[PDB]
Amino acid sequence: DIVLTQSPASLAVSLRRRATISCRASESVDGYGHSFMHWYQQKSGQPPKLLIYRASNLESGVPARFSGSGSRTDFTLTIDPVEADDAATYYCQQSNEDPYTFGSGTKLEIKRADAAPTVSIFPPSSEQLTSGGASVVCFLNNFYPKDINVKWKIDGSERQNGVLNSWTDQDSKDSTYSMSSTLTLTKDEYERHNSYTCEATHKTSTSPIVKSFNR
Amino acid sequence: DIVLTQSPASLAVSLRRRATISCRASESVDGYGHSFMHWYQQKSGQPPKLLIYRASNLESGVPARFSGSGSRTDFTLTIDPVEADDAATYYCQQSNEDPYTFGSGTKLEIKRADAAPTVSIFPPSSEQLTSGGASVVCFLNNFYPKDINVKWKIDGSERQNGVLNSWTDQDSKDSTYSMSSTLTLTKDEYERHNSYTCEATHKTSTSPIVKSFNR
Amino acid sequence: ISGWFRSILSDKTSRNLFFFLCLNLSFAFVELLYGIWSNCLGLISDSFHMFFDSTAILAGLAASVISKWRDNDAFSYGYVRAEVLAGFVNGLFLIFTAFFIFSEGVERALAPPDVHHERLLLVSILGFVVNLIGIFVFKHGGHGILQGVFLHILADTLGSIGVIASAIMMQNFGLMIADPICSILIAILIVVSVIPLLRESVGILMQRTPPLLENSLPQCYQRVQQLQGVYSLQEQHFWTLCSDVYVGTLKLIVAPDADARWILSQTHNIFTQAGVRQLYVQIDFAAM
Amino acid sequence: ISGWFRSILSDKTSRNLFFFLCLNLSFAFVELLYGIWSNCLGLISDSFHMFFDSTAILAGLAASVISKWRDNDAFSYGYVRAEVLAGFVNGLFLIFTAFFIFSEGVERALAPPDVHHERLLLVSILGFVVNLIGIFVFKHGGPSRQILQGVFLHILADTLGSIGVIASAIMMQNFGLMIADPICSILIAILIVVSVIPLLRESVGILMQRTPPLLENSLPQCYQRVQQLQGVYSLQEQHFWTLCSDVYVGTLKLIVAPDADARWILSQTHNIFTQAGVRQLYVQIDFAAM
Amino acid sequence: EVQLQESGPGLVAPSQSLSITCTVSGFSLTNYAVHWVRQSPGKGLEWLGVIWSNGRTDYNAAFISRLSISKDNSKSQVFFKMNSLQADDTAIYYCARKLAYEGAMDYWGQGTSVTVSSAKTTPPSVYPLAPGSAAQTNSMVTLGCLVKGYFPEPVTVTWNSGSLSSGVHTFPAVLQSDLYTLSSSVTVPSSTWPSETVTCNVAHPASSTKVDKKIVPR
Amino acid sequence: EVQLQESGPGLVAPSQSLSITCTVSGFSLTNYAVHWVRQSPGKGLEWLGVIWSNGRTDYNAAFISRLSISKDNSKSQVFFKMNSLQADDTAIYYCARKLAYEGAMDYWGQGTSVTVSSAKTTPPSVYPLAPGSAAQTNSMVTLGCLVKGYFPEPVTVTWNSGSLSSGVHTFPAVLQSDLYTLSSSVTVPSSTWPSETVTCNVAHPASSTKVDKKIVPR
Ligand SMILES: [Zn+2]
């Protein structure tokens, strides 16, 4: 089949700028003046959305900032100016040969100013203590960039075994991130300690942001 | 050119019923198994909206209760079940020969339960009096059917000279009607008389609805 | 074989054809035999001419039978060309013979021999009356205004007139050069008669635009260009497959959003009103 | 007319035909002297038969010149069919000459008179030398394909006739028997017809609008490949024929889905038949109702 | 987001030229045809013409001598020029995108109303209408807005900048003395008047008149 | 109004068969083709097949031996049927309306996640997450809904039946011991909580579990 390679696999661009995504085909996907290559955009938790068909035609109802170009084997999708709503994964699909094949995908990173995380700590709930477990949750909302460090101190001692991290995708309205760190434990382990702290190391400030609670 | 005749010019259909509109072409509008006949819907104060293209194919994004059929010279647009939003004019357009020609139109009036008008009299405003004229207004809202009569009495004396009539089209929600009856007079004519009354004769009741004002 | 017993009785036009090919080929054999018995070559040349006149009809019947054959993979258009080819072939085989006769004829221009059979006058007049019968009371044998009369009557009675004149000139005045020039004149008449059939056949076999279609094609092209969404026409080819059956092909460039169903139906209507039986319209959508 | 000769000597095949025709005409002048020197009886007939030979060469040369003419309104495919028609007419004419070797053969077979004034076996040897030059020049004979084939076959028929007359002359002179000459004549006629048959078969097939033989075996695979295209419903009205040598014209009608990618289907069909060897293709796409 | 807007003169003097400009968004002019169609009460809908993506233009036969269509793909505009504007040319003009591969029109613009006359433009006169005294308060109350003395059509009437939409009944205009009258009526709960403010916004693009009249109690 | 909805089993046992029914509205299967395409984190997007308006079907050569697409025009649904389900077939499956006259997919369904595993469906366990005592009240306050021990994906988490949408941060789930863990966070004004009611609604269609948990202060 035809193999489509998308370069770069990830690209970071700032607001009111131009983002260029390149797709390359092993063989020509063209016939008689038409390149049968189509660009899709898939947002987080959404089906792919058709942006370009036949490599240069704007879909009916998509914003004019999207454009396509190229022929034969090399194709380019250009977003200009880049808005905050464009944080998604962009794919190229060929229809010149059976079977239809898609590109590897390229994530669009919307660069903005760094934001200090909003850190909140939540202790295990009463129903959770009745069940038999105990999970302490640290929510880190509205921070930038994505890279961040989360550390749990259990009565001032280091914990790295029962820590589970979850990152949301980049926000479509303010280009921020959310970070959920769950520290799950059994009953005796939770009852043996009193003070639980969750600290966040971020590039915004050298001093980590620490949220603490007792019992 | 090709002359399209739409029958009937007006048609009344109750709720949850079927409505059939016929378009007859002077010559055949067919070629190679395709009829190039299209059906548009135009609501009040709006551009026409394409319902059917090529006499049988539903436009992307229209309700499934619309249907098309026919061939050669006779074509039928069917609405089933008829809703309250179907109160509009329906046109047939041929595209088999240049120039493009439309039908004469067919108005679909939605048949509903009979209603009694709400009658309001508005006297001429002070600013209008200072301008040099007087205009008394009679508003008759939310009544069915179409036929209604409005009479102006000046201290019990009939006045059928300066009465101007305005009729709205059928509402797309409750299939009712609104009527405006205005009476224009000079300042001396307004100041000569004291009591003005509007009387509305409708099918729903036997006693006409009377409203009055003084000075 | 036994089925022809009743066919020969119920025919009227086939009866005329049967009697025509019965007397023409028989008298061609008689004239050939008398020409070889004598040394006259005008008689032999006239016999060859009427023999090919009859072989034209026989090949036409055979070609009609072959043309009624069902088409297949190798012959997707059928065997309908077998008519034109057959006529063409007969025409060629006529011209060659005239081309040969002339040659041998001018041979006897240099050294004229003299042989008489005391029947040469009888058989030339009888050949003339046979030709008159077959051209008047039979209406077959038409070899093809002034050109029409030349192709119909003169092309097959002037050979008999020439052999009669040679018979008079050989026995009465006594000159020895009558038949060498009569053979040359008969060859010229043969070639002149065959020219129009060869012209029509060659035009068909050269994949030429049909002459009855040629003067209506510019209006057809103007009407196709007048269709909405059509940008240009390309690579139009119209040719005669067989008599009154025309094949046409063309390519249209249209708008990138044009109504291809409607344009296709209208183009087919236009060229059907021109008399084109088989039409192939390829439609290409433009970029802009 | 001044520019007409420059086109003849430009192309290789037309120049070769013209030079061979000029050599034939030079031999015609030589014989014309040799025969107006009071040897008319056989020499002049030989000259007129070889003038007919020059006529066939002229037909081939004219076909070669005309095939390069520009296409016009009346002749949309050009004048390339003159390449085929020449190969037809040259072939049929050879069949004609075969009968001339057959009938005249029995003129020397059952008939005792052997009256003969061949010019002391001199013109025959020179004619055979001419035939050797002709068969050497046109070795590629056995759009200028059917022209060269027909010209080569005509030259070979001439060579066979020269072999026949020379062999008969050496038979009656040394061996002294007379029965060899009719046998040689009839054998030469048979060989002429046998050699002519394939060219006539190809020319008739081309003129009968037949499917090209070198394209017939690949057409069903092409049909299946076109049928495999996404959204193609059916194929119909397929027609492939030969215009001139190696030039194939094809036409077909596709039925497709009502919403099919007609641009892509067209490009794929044209690729499929370009790989097969078809040069001129017409694909009519009809959208189905359902 | 396929959308077409027509901008043109509402009033055109007779025997002059009308120029309309249609701006499109959501689709390129490089692969769609644009049709021009006018609608009037007398003759219904008439097809005026079509311009194609390469610049080819197909016109109606009855307007071939006095019509022109052009376009600019970079700016996404289509220009409709008509000459010798006689009386029966008063109509609403629409630019419609052509439905692809079909002879129908899929998207239409809102249209420009063009009235041809020798009468001059007249700014509107706006009069509010409060009920007489306080009789028949009920739970429901009516207010009115009269726009009298304007030319030509149309005028946009809104209520509280379009915030309230229910119960509004804008009546068709009436033509007398070659001038226009218009009435608008609003149904509103009684507890909401005269507690807060309700205003009648009248926009006349021909005279570019913006009135923000206040309905005051009588 | 064009839309496509797929109904299929979220959990499929290995070596069994998977059947999805895509119901479409806004267009007819008599003039539109429908594609089936799956997406997984492993191999990305993969085209499975297409069905045409007459019933013609075209498959991928990698799935030709185990895939079947059927349809019904009158009831307007498309049936996807795959056999011999293996662990690599866990993916989000999409029925897509083909772009007319193009080789693109112009409309997509929301897509159904199919997991091929031998585990058993487990109903979710929903817990609240209130701020620790009343410290750090501020102007804004965060609340959480924590879902543990559900299988397989997905679960729909909303706040106040979707009326409250801003400030909602649902996180990607995590697998451990063949069970899923999910967190949801919400930021609300301090004047809103605990003065009026805030709740987290959790829907697990695989086990058909609906939870309407009331978040309360500690
Ligand atoms: Zn004759």
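Chain D uses Swiss-Prot numbers throughout; the residues present, in order, are 22-163, 229-376.
The header says electron microscopy, 2.7 Å.
The backbone N, Cα and C atoms fix where each Cβ goes, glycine too.
Below 8 angstroms of C-beta separation, residues 29-30, 64-65, 67-68, 71-72, 74-75, 78-79, 81-82, 85, 140, 144, 147-148, 151, 154-155, 158-159, 233, 237 of the same chain, each at least six residues beyond the ends of the transmembrane segment (D:38-58), sit close to that stretch. Look at Swiss-Prot and you will find D:38-58 (among others) tagged as transmembrane segment, backed by sequence analysis.
The topological domain 'Lumenal' annotation in Swiss-Prot covers D:59-67 (among others). Counting only same-chain residues 6+ beyond the ends of the topological domain 'Lumenal' (D:59-67), those with a CB under 8 A from a CB of the stretch are 52, 137-140, 144, 148.
What Swiss-Prot lists as transmembrane segment is D:68-88 (among others). Here the transmembrane segment (D:68-88) has Cβ contacts under 8 Å with residues 25, 28-29, 32, 34-35, 38-39, 41-42, 45-46, 48-49, 52-53, 56, 99-101, 103-104, 106-107, 110-111, 114, 148, 229-230, 233, 236-237, 240, 244, 330 of the same chain, all six or more residues outside its ends.
Positions annotated as topological domain 'Cytoplasmic' by Swiss-Prot, on the basis of a curator's inference: D:89-102 (among others). In terms of DSSP secondary structure, the topological domain 'Cytoplasmic' (D:89-102) contains 1 helix, 0 strand, 13 coil.
Here the transmembrane segment (D:103-123) has Cβ contacts under 8 Å with residues 77, 80-81, 83-85, 87-88, 229-233, 235-237, 239-240, 243, 247, 250, 271-272, 274-275, 278-279, 282, 285-286, 288-290, 292-293, 328, 330-331 of the same chain, all six or more residues outside its ends. Annotation source Swiss-Prot lists transmembrane segment at D:103-123 (among others), citing sequence analysis.
Among the features that Swiss-Prot reports, topological domain 'Lumenal' is placed at D:124-140 (among others).
What Swiss-Prot records for D:141-161 (among others) is transmembrane segment, and it gives sequence analysis as the kind of evidence.
Counting only same-chain residues 6+ beyond the ends of the transmembrane segment (D:237-257), those with a CB under 8 A from a CB of the stretch are 38, 74, 77-78, 81, 111-112, 114-115, 118-119, 122, 139, 142, 145-146, 148-149, 152-153, 155-156, 159-160, 162-163, 263-264, 266-267, 270-271, 273-274, 277-278, 281-282, 285. Feature annotation from Swiss-Prot assigns transmembrane segment to D:237-257 (among others).
The topological domain 'Lumenal' annotation in Swiss-Prot covers D:258-262 (among others).
The transmembrane segment annotation in Swiss-Prot covers D:263-283 (among others) and rests on sequence analysis.
Taken from Swiss-Prot, the feature topological domain 'Cytoplasmic' applies to D:284-376 (among others), supported by a curator's inference.
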Practice task
For the topological domain 'Lumenal' (D:124-140), could you work out the same-chain residues 6 or more beyond its ends whose Cβ comes under 8 Å from its Cβ atoms?
Solution key: 55, 60, 62-64, 251, 255, 258, 264, 267-268, 271-272, 275
Problem - Residue numbers, six or more beyond the limits of the topological domain 'Lumenal' (D:258-262), whose CB comes under 8 Å of its CB atoms - result: 135
Fill in the blank from the handout: Residues outside the topological domain 'Cytoplasmic' (D:89-102) whose C-beta sits under 8 Å from one of its C-beta atoms, at least 6 past its ends, are 28, 32, 229, 329-330, 333
Fill in the blank from the handout: Between the Cα of D:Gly163 and the Cα of D:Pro229, on either side of 65 unmodelled residues, the distance in whole Å is 15
Fill in the blank from the handout: For the topological domain 'Cytoplasmic' (D:284-376), the DSSP residue counts stand at 38 helix, 31 strand, 24 coil
Exercise for the section: With DSSP as the yardstick, break the topological domain 'Lumenal' (D:258-262) down into helix, strand and coil residue counts. Expected result: 4 helix, 0 strand, 1 coil
